[PDB]
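Student: Take a look at the following structure, please.
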Amino acid sequence: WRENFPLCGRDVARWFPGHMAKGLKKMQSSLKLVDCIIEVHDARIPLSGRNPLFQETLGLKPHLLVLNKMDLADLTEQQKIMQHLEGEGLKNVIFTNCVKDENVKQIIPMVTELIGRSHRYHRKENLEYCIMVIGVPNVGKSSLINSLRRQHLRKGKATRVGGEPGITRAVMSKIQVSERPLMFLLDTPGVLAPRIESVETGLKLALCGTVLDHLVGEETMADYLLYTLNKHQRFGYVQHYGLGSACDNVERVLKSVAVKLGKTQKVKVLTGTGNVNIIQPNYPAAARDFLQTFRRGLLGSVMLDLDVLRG
RNA sequence: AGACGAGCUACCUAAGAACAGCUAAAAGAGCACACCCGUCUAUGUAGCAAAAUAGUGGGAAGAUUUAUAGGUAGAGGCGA
RNA sequence: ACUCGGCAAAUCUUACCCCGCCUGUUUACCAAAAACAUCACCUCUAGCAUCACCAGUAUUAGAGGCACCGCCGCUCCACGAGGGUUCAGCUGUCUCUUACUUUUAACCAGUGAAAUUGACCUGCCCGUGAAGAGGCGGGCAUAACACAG
RNA sequence: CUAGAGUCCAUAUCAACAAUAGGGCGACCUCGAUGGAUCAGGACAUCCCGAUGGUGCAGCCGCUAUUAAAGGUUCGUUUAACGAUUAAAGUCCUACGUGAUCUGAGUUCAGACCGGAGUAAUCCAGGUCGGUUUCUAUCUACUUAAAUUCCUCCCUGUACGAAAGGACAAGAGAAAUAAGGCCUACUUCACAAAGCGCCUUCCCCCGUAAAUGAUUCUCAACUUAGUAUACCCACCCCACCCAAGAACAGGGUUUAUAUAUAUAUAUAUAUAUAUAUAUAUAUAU
Ligand SMILES: Nc1nc2c(ncn2[C@@H]2O[C@H](COP(=O)(O)OP(=O)(O)NP(=O)(O)O)[C@@H](O)[C@H]2O)c(=O)[nH]1
Ligand SMILES: [Mg+2]
Ligand SMILES: [Mg+2]
Ligand SMILES: [Mg+2]
Ligand SMILES: [Mg+2]
Ligand SMILES: [Mg+2]
Ligand SMILES: [Mg+2]
Ligand SMILES: [Mg+2]
Ligand SMILES: [Mg+2]
Ligand SMILES: [Mg+2]
Ligand SMILES: [Mg+2]
Ligand SMILES: [Mg+2]
Ligand SMILES: [Mg+2]
Ligand SMILES: [Mg+2]
């Protein structure tokens, strides 16, 4: 297939509105009433999508790494993954499944130990523990809070959860998630880096749904996700869409998808005789459905940081 | 404290009436008149009107709409 | 590309998220919804005649909570003048307004209101002042007079 | 002020501890109705254009200073960030400058939900959805000639520079904006109006640089440099027409545990009752 993805003329797709800048401002102010920091990140991109603006700005507190969405990620190289964070500077890495509440029960005992091996300073007399949840948008921060309440507090959903970026607009109030020990969680908006270090990282972030797909163009990551499937040699889309065989031509794949689902759109094409309205297969609809199917997990586990892991 | 009010409206009782056409199927079904309602915009703001007009909208065989007579009265009635 | 917003107008498009099962109902006159009712499910009380319950009798009746179905607190169809986003098209929304028609409009003839009104022979600049001056101080301007903005 | 940076070196620029000047918490008036659009007036403490000193100014770029407010100071995404540009995308005052010109939010309201507090009713400088002020103008005030900038070319690949590089001044072409007009074509359209179309657009700026020269560019006597015109102007009218016009005016008209198969047995325990010497026994759950 294609040895490498063409990145000529493409820039990173940043998304830093004011709703997260004001939210990021609150974290510096609200740092006084927190004990531990938990960073929730997607397991599909354990290394690339992390926001550097969470270390030198917040800092000063124990840091816990929680890797969500294990079902959508391939954990064959799991041991090599944690070895990388250990070299990178992270000691506590936990994989979790928020939609199923897997491995969530081990968060609380480790969080208590991390706070114990620390200095609460003015919060020494507080029996209550306050934990702040951080990460990029759409990684399951709100789902993590609800999962902890269901497992420990045995209560209902307390934070709104959606499949769209920017569900949690601002820093919510403290929400109890457990009784033994008595401890709350702070729901915070997802914060992206104002400047993405590499174009490939931006596409990876767009692949997992952390950023809006429309501002990047549904076609560019349809090919990119098709490119990654070919690299992994999974070919889960071949039998899902009833395609004849694995292909690399992005336009032809979307043509089959539009044919398969009977989606057609009429567009204006600039000809030498003027503008002509013709009906064509609905490529944006095909791209959106193809992207949604991968996100739902019907195309198998993926790992977007395999190349950076090997070197 | 003592009288007067359910001819508006909330609800109930008695016995009445209305719902073209098309698709469908024996549907608190769909499109869509009559009819009921009042989402949005504009006009109006001592106005036609102490809540209206134009366009655009929801419902429109049902927990539908509606005429007549009767009942529940203020420390109360009635209230999806 | 206007804009808080594709509001309006043109055109007669697709997809996604949040919330509410759907359906229906309400603040007559600033809220039609995520609010309420709602089938379904759960809790409590009652062993019984002659105006309600009821001319009924535990598979019944009354008082409530939740809001169908399904799974072991969570998903799923369908639907919504509900709140956000998007594809294509569409257009004076805009770049950037222009032209024409009708009504108001102005003049002529008739009829003829309302708020308002301490008295007025009712100018500008700077300063002053119960601290924001047509009316006070120092300068300047200054025949009278109606109509349309 | 001259410690200290700037290889040396206070004063090309930066700057310590200090000092001297200037700028816009109180309850004094009113408790008898903020953002953007449009239009902008003004200050200079000048973002761009201009003139002139210094430079760690070779030339191009730069830094700093003096003078100058006539002219100009973009379009987009989200709710300041960066996207592309520009000679530049200035700091402010003007009751948010301006809501009897208009229009998002907030100060908040009648409905509701989530998180939190409260026995409750009900609340929250947490988040979210929805959500009505109107006006006929009386008075004051007002309601029709001088242009700027960018780019390209020539000078010139010249001066300067070892090269890398790369200008001034004068002149020419083209473009944009702004002001004032127009309909021959294009276009919206048709006896016409209009732009997307076309035409015209003209003065200086005084910071300093220097001669001579006394008690040396001179708050000494003195010399030099940069130290306006155009437009408008005469005075039948009934009626009709008009490129003139609101009217008027204007122009045109040639229970727990163990065992046996939920039951049974055993032990231990607790509850209750009785009897006997707090203790012991019996019965049952
Ligand atoms: N398949 C799968 N889906 C998951 C998992 N965890 C979360 N999701 C889903 O992914 C979506 C994103 O979760 P969410 O908690 O809303 O993320 P968020 O951090 O709150 N996003 P934001 O910062 O914008 O508020 C939700 O629809 C959630 O159900 C997982 O492990 N697997
Ligand atoms: Mg969230
Ligand atoms: Mg019919
Ligand atoms: Mg029906
Ligand atoms: Mg509405
Ligand atoms: Mg826009
Ligand atoms: Mg509309
Ligand atoms: Mg309805
Ligand atoms: Mg109402
Ligand atoms: Mg409800
Ligand atoms: Mg008259
Ligand atoms: Mg100056
Ligand atoms: Mg005003
Ligand atoms: Mg003009």
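Don't overthink the numbers, they just go from 1 along the chain as shown.
The deposited model was determined using electron microscopy, 3.0 Å.
Cβ from N, Cα, C; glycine included.
Quick paste of what Swiss-Prot says about this protein:
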BINDING   A:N68, A:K69, A:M70, A:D71, A:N138, A:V139, A:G140, A:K141, A:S142, A:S143, A:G190  GTP binding site
DOMAIN    A:21-194  domain 'CP-type G'
Student: So the record assigns A:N68, A:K69, A:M70, A:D71, A:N138, A:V139, A:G140, A:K141, A:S142, A:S143, A:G190 to GTP. If I measure every Cα pair among those residues, what is the longest distance in angstrom, as a whole number?
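Tutor: Those residues reach a largest Cα separation of 21 Å.
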Student: Kindly assign A:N138 (GTP binding site) to one of the three DSSP-derived states: helix, strand or coil.
Tutor: coil
Student: Around A:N68 (GTP binding site), how many other C-beta atoms are within 10 angstroms of its C-beta?
Tutor: 28
Student: Identify, in sequence order, the residues in the chain of A:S142 (GTP binding site) that are 6 or more apart from it along the sequence and have a CB within less than 8 Å of its CB; answer 'none' if there are none.
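Tutor: Listed in sequence order, they are A:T159, A:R160, A:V161, A:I167, A:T168, A:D187.
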Student: Can you check which residues sit near A:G140 (GTP binding site), meaning Cβ under 8 Å from its Cβ, same chain, 6 or more apart in sequence, and list them in order?
Tutor: A:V40, A:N68, A:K69, A:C98, A:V99
Student: Enumerate in sequence order the binding-site residues A:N68, A:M70, A:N138, A:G140, A:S142 whose Cβ-atom distance to ligand 2 is under 6 angstroms.
Tutor: A:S142
Student: For A:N138 (GTP binding site), just count the other CB atoms lying within 10 A of its CB, please.
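Tutor: Summing over all protein chains shown, A:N138 (GTP binding site) has 25 other Cβ atoms within 10 Å.
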